[PDB]
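So the structure is just underneath, and the comments pick up after that.
A quick note on method: Cβ atoms are made from the backbone with ideal geometry, for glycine too, and the neighbour counts reach across all protein chains shown. All of this is worked out from the model, or read from it or from the source named; nothing here is a laboratory result.
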Ligand SMILES: Nc1ncnc2c1ncn2[C@@H]1O[C@H](COP(=O)(O)OP(=O)(O)OP(=O)(O)O)[C@@H](O)[C@H]1O
Ligand SMILES: Nc1ncnc2c1ncn2[C@@H]1O[C@H](COP(=O)(O)OP(=O)(O)O)[C@@H](O)[C@H]1O
Ligand SMILES: [Mg+2]
Ligand SMILES: [Mg+2]
């Protein structure tokens, strides 16, 4: 039981390291998309005035 | 060339390389295309298909190649 | 339909007709509030009035804001939904209760028009699409 | 400064004198071998052939790559995307196709040969120079045109270098011969077009790209067609290359060209570093 | 002659400004530029003031000079409509592009209509069975309703819309219209050669027995042509609905390209852009087009539209606007397709107004909501199964996982149009075979069978006949030792004379590309035009 | 919010008293200045507020 | 960084040598060209970089090459913003890099 738990939790660190590695990517895609989207909202509001 | 790719896949999908260990398959297919006589590639290129005449001479020529290791 | 009025500025109508149809329908419903009766107004797709108002304001060349909405898009819905009241006895005692409908995108309640109408209205009836598929209908969170 | 009009829409030299020549994004040669001799000028911006002008893709284009010719087979007239991360073998699939056409052109008859165009958009000028040395020491340069708008060239030159090279490749399609065009990093052509659009103060859309960045690549890739029998029957095969970031193929330009081209060759970065080369997903 | 003729004022890509000295055309009026290389039709979009209209070109504007004569047609873009358009390909401005001669028009209709009024709406929800298991069960299609196929570039919404053409258009008695809007021209030639082989389109003297009109504005066209070719495709369908009284099928491949091509245009019309970068008039442009595709009291249009979601973003403003215009959405998922399940339909994102127990019967409805119940319960377990495995679920939830892993293979189905590139033949599944088949996986009648027996089969008969074949095959490893004996003398000659019966190809040196080549003499220095218009070299100054 | 603060500043300064000022949603002071901000002709700052927030 | 290349290009083109060129934080080259582009009123590209980001980097990095007379080899210290390699400033820089030397703590 202690040796199947030692292997079922090695399978859980890499499953929660593959899940974390994939969530780090789409956060970074949503991070870059946020800085692009908020900045396009500022230029569109400044080009209406300038 | 496409006629030497299809013989290398015929050597692998049929099972003529099952004895070869996975470390030496890049050496095995290089030994397949070199040791199988080059007239069988002119048949497969010109006929454009593995004809039922040709797969017999293919399977004859594929059992007499010296695969490395194994 | 004996008790119902239906105001419908549909999708083919001009953008100032969909912008004005919550106000047109509220004025029809305020007849019952201002005469001692009770009204019930449903602004179905109040998320689509704000898009129609955004089209007018961007084409009147008013400068855009959050998600290119006008700055006064809170006041678009706050002055509409404050007209739903319960009047006093000296004004008849009539009432008007409003059901604005807002559609979110992937459950993003933090959207711009959704943030405004949540802070304007009294209650919320949140309907989640994952509770809808577990058999819970109405999908009330 | 005085601006003179030349009298004609934007044109490049097309013809049999373009074979063997390295060329910038506008037509004029950069390899230092003199002007283009046996050549004539045609437009870079031609409308693609219509519905009747095409026929079904029937004939195979052998890449010489085993994982391509077995698993992802490519016909003459097709547009096939090569998509993957940086350094996953995207150029090597593309330049194995050009080299293999040199081997096949010496055995097929005259009207079955494939003439290649390699458009290098936004590349290093050294990697373009190391590529002409590869195509010369192979003998592939006899059937290859090389268009190159490198990373130091101006952004209108990188935007136009695919259209310049397509017009040089549409010479072979329109005369019954067979063409093979490779737009290496079509991702670097939309970035150069995003530069021209934001400097023209056009409203940016998703990922600050213009609205017509789909039409940038759709207009280009629709010109790779298999023509009908009353138009010579010649073809043009496109291999656009898209570099993805961290294997994300739901990006804007990646999903644009996926919805333009016929198939894809996803080169996975995990297989490439596990020794599996070509790293075909 | 001098009046009623404007001159080109300014050219900004696909947007042309024309100044009319005497009298201005109406908005939506179509104009003609004299002396272009092709027929260039401009459509008046805005009155800019100072006697200038702002127009959208229907072909390319390259080669337009700022004085060119533009004449007013006094009407909008008028296309030929009628039974004479059957079996013909038209482009956006009604020209025949199929090289079969002119179109024998019953009428020339304007492509701009008002949508039909409120009193001309029909409230009659009848089912349209498509033979597709995930469509017939979870989001059934209305016989005269608007249908959307939402997809993300490579998930299968052209293969699904071709299977709907394969399944419902032959069984329909009326006329189909295909509006190819902004798609590949290779697919427009694939569909044309398919419909000629299938006899849907007949050429020449039998042209009147055609049942389909193709209208094609594909992705090689400029954005003005892609913005109006959906309006051309409706007008052919609106004639059969209104005048002919027919039941029309309208297939619109990528209605998103209508919205996209209005965004490449509105940047140059001088508008402030709305959210993500689209035009401010997105919802009323799409609502102006989508409200014309209806069932009225004098005819029905069963429209199936493919909708492209731009970067697999369903919250993008162009797919999100389209969702409110449809009776049945079929959202296709990129992650379902990566499992290999085809059609890649999300069962928990596809909806229909027909999935109502008073319309489809309470027995079909209850097994749809039970199928969606266990697929949502499997989705609630998706990260516990990821980070902890299936070993820690309950014994009543491991039955939830195993059943939902079976019905999401059993929603998969092979298509008759995918049989070319998959090899497996297509399966049309009847409606009652789907409702009875999905009762069985819910109740527990098929907990015996493996998961992969349900994958890519038609009926619940075919999963039993595949569960046997999966166990005949693991017994077939012990079957027999295949030996090929004594065949070298029966009919196979040799290898050496098999070389001598190939034909040697005449390989030609000197490739000879100087055949019919004109080779104009490009000189060294840049030839320019001087002030008298002559071709002179560049002067030497800076 | 300045009208009610002026009443509270009279009771503090002139009456000398201790005042309790209750402001329900001081957020709406900043929100209302944003609804007029681009119409006073100033380009917006971060998330959508006026530059003078 | 162009003042540094010019001193390096004299030793490449006139002295005919193999020059090293150290660009300490090539990201601060990118960030400063992003600021010049913003002060000239240009519309920012994706995440907020200059529209000319690939050709301002590319105009620098294409002068670092080996010619027939000499060579210039560049060792460029690379900073990665938010440790995001798909950020357009390292992703554009990584298209020019011929090697990578990671120094670890
Ligand atoms: N099939 C292969 N077998 C062995 N090595 C290979 C193979 N293909 C590519 N390589 C090597 O791996 C590297 C990949 O470079 P390549 O240019 O092919 O990839 P790329 O994606 O085009 O890169 P870039 O983004 O720099 O253009 C090269 O150094 C090449 O020599
Ligand atoms: N029903 C299906 N069966 C098998 N493969 C499919 C199916 N639908 C789609 N595909 C695969 O998905 C790809 C996308 O097809 P298509 O519909 O042309 O793309 P899009 O949806 O982007 O228009 C096809 O090349 C095909 O390989
Ligand atoms: Mg490359
Ligand atoms: Mg499609």
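Filter region E:333-350 for residues that are more than 20 Å from residue E:137 (Cβ to Cβ) and either surrounded by 20 or more Cβ atoms within 10 Å (Cβ to Cβ) or within 16 Å of ligand 4 (Cβ to nearest atom) (or both) and give the result.
If the condition is that a residue be more than 20 Å from residue E:137 (Cβ to Cβ) and either surrounded by 20 or more Cβ atoms within 10 Å (Cβ to Cβ) or within 16 Å of ligand 4 (Cβ to nearest atom) (or both), then E:334 is the only one that fits.
Name the one entry in E:339, E:332, E:375 that is under 27 Å from the mean Cα position of the chain (by Cα) and farther than 12 Å from residue E:151 by Cβ.
Answer to the check: E:339.
Given the structure, is residue C:19 within 30 Å of residue F:37 (Cα to Cα) and either buried (at least 18 other Cβ atoms within 10 Å of the Cβ) or in contact with a helix residue (DSSP H, G or I) (Cβ under 9 Å, 6 or more places away or on another chain) (or both)?
Spelling it out, residue C:19 is indeed within 30 Å of residue F:37 (Cα to Cα) and either buried (at least 18 other Cβ atoms within 10 Å of the Cβ) or in contact with a helix residue (DSSP H, G or I) (Cβ under 9 Å, 6 or more places away or on another chain) (or both).
Take region D:260-281 and flag every residue that is touching a helix residue (DSSP H, G or I) at 6+ places or on another chain (Cβ under 8 Å) and under 27 Å from residue D:173 (Cα atoms).
Listed by number, the residues that qualify are D:260, D:261, D:262, D:264, D:265.
Quick one: in region G:37-62, of everything that is under 10 Å from the mean Cα position of the chain (by Cα) and over 14 Å from residue D:191 (Cβ atoms), which residue is nearest to the other protein chains (Cβ to nearest Cβ)?
Selected residue: G:62.
Anything in region E:37-62 that is over 24 Å from residue D:47 (Cβ atoms) and in a loop (DSSP other than H, G, I, E, B)? List them, or say none.
Listed by number, the residues that qualify are E:50, E:51.
Filter region D:248-281 down to residues that are within 16 Å of ligand 3 (Cβ to nearest atom) and within 13 Å of chain G (Cβ to nearest Cβ), then give me how many there are.
Residues meeting the conditions: 3.
Out of region D:53-85, which residues are within 11 Å of another protein chain (Cβ to nearest Cβ), surrounded by fewer than 17 Cβ atoms within 10 Å (Cβ to Cβ) and part of a loop (DSSP other than H, G, I, E, B)?
The answer is D:56, D:73.
Filter region C:105-131 down to residues that are over 25 Å from residue C:84 (Cβ atoms) and part of a helix (DSSP H, G or I) and give me whichever is nearest to the chain's Cα centre (by Cα).
The extreme case among them is C:129.
Would you say residue E:429 is within 14 Å of chain D (Cβ to nearest Cβ) and either within 16 Å of ligand 4 (Cβ to nearest atom) or in a loop (DSSP other than H, G, I, E, B) (or both)?
no
Okay, residues lined up against (1) in the same structural domain as residue E:157 (by CATH); (2) under 26 Å from residue D:250 (Cα atoms); (3) part of a loop (DSSP other than H, G, I, E, B); (4) more than 16 Å from ligand 1 (Cβ to nearest atom):
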| residue | (1), (2), (3), (4) |
| --- | --- |
| E:307 | yes, yes, no, yes |
| E:315 | yes, yes, yes, yes |
| E:323 | yes, yes, no, yes |
| E:365 | no, no, no, yes |
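Which of the residues belonging to region E:307-332 are within 16 Å of ligand 4 (Cβ to nearest atom) and under 19 Å from residue E:140 (Cβ atoms)?
The answer is E:307, E:330, E:331, E:332.
Condition first: buried (at least 24 other Cβ atoms within 10 Å of the Cβ), in a loop (DSSP other than H, G, I, E, B) and in contact with a strand residue (DSSP E or B) (Cβ under 7 Å, 6 or more places away or on another chain). Can you find one or more residues in region D:186-200 that meet it?
Yes, region D:186-200 has at least one match.
Could you please give the count of residues in region E:139-160 that are farther than 22 Å from residue E:427 by Cα, buried (at least 24 other Cβ atoms within 10 Å of the Cβ) and within 6 Å of ligand 2 (Cβ to nearest atom)?
1
If you check A:19, A:6, which single one turns out to be within 7 Å of another protein chain (Cβ to nearest Cβ) and assigned to a helix (DSSP H, G or I)?
A:19
Quick one: which of E:149, E:214, E:137 is more than 12 Å from chain D (Cβ to nearest Cβ), in contact (Cβ under 8 Å) with a residue 12 or more places away in the chain and part of a strand (DSSP E or B)?
One residue alone meets the criteria, E:149.
Just one of (1) assigned to a helix (DSSP H, G or I); (2) away from chain C (no Cβ under 11 Å); (3) buried (at least 17 other Cβ atoms within 10 Å of the Cβ) trips up residue E:375, so point out which.
It fails just one condition, (2).
Which condition breaks for residue D:41 when tested against (1) over 20 Å from residue D:237 (Cα atoms); (2) assigned to a loop (DSSP other than H, G, I, E, B); (3) within 9 Å of chain E (Cβ to nearest Cβ)?
Unmet for residue D:41, out of (1) over 20 Å from residue D:237 (Cα atoms); (2) assigned to a loop (DSSP other than H, G, I, E, B); (3) within 9 Å of chain E (Cβ to nearest Cβ): (2).
Can you pull out every residue in region E:217-233 that is surrounded by 24 or more Cβ atoms within 10 Å (Cβ to Cβ) and either away from chain D (no Cβ under 13 Å) or under 18 Å from residue E:98 (Cα atoms) (or both)?
E:217, E:218, E:219, E:221, E:225, E:228, E:229, E:230, E:231, E:232, E:233
Does region E:260-277 contain at least one residue that is part of a helix (DSSP H, G or I), within 16 Å of ligand 4 (Cβ to nearest atom) and within 23 Å of residue D:254 (Cα to Cα)?
yes
Starting from region D:82-93, keep only residues that are over 17 Å from residue D:237 (Cβ atoms), then list their pairs with residues that are within 10 Å of ligand 3 (Cβ to nearest atom) whose Cβ atoms are within a distance under 8 Å, requiring at least 6 positions of separation or different chains.
Pairs that qualify, where the first residue is over 17 Å from residue D:237 (Cβ atoms) and the partner is within 10 Å of ligand 3 (Cβ to nearest atom), are D:84/D:90; D:84/D:243; D:85/D:243; D:86/D:243; D:86/G:95.
One residue is enough: does region E:242-250 have a residue meeting the conditions in contact with a strand residue (DSSP E or B) (Cβ under 8 Å, 6 or more places away or on another chain), assigned to a helix (DSSP H, G or I) and either farther than 21 Å from residue D:227 by Cα or facing another protein chain (nearest Cβ under 9 Å) (or both)?
So far as region E:242-250 goes, yes, one or more of its residues are in contact with a strand residue (DSSP E or B) (Cβ under 8 Å, 6 or more places away or on another chain), assigned to a helix (DSSP H, G or I) and either farther than 21 Å from residue D:227 by Cα or facing another protein chain (nearest Cβ under 9 Å) (or both).
Return yes or no: is residue E:275 within 14 Å of chain D (Cβ to nearest Cβ) and within 25 Å of residue E:191 (Cβ to Cβ)?
So residue E:275 does not fit the description; no.
Taking the condition within 16 Å of ligand 4 (Cβ to nearest atom) and either outside the structural domain of residue E:140 (by CATH) or not in a helix (DSSP H, G or I) (or both), does residue E:438 pass?
No.
List the number of the failed condition for residue B:18; all other conditions in (1) more than 10 Å from every other protein chain (Cβ to nearest Cβ); (2) without any contact (Cβ under 8 Å) to a residue 24 or more places away in the chain; (3) within 25 Å of residue E:507 (Cα to Cα) hold.
Going through (1) more than 10 Å from every other protein chain (Cβ to nearest Cβ); (2) without any contact (Cβ under 8 Å) to a residue 24 or more places away in the chain; (3) within 25 Å of residue E:507 (Cα to Cα) one by one, residue B:18 breaks only (3).
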